[PDB]
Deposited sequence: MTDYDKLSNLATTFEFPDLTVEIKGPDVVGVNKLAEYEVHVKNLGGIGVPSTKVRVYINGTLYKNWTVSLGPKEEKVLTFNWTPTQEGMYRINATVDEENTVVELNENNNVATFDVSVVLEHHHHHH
């Protein structure tokens, strides 16, 4: 029943997607909690796929998850910045593209965070 700008209404293929949620502004040396929302919009499940989070292009954390049809999982990770500046958080699912999906172009999320 969930529908948003990242989810539109086929059941013969899975469709992995990712979205990042959390503070867009954080203070140096302060614990920040983010959430990676990984969903399978398709009618076929995904026994195993990799999810990765990058901060300014450098890998930060990795997960191996499974997602049944129309299932969503919330992955979490904490981040305590040490320096200030504009950081770009990226999240990817099936980056190695080992899963044939309805869309391979909605497998990447971008989220900007300002550390002050």
For this session: Walk along the deposited sequence from position 1 and note every stretch that has no C-alpha coordinates.
Result: 1, 11-12, 120-127
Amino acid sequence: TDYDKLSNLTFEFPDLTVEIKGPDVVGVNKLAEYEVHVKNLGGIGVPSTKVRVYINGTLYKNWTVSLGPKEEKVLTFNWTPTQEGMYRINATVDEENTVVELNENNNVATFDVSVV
From here on, numbers count along this sequence of modelled residues.
Exercise. On average, are the C-alpha B-factors higher in 16-24 or in 101-109?
Worked result: 16-24
For this session: Would you tell me which stretch averages the higher CA B-factor in the PDB entry, 80-88 or 61-69?
Result: 80-88
Seminar exercise, completed: residue 50: CA temperature factor from the record, placed by chain third, in the lowest
Problem set entry | Chain third (lowest, middle, highest) by recorded CA B-factor, residue given as residue 44 | lowest
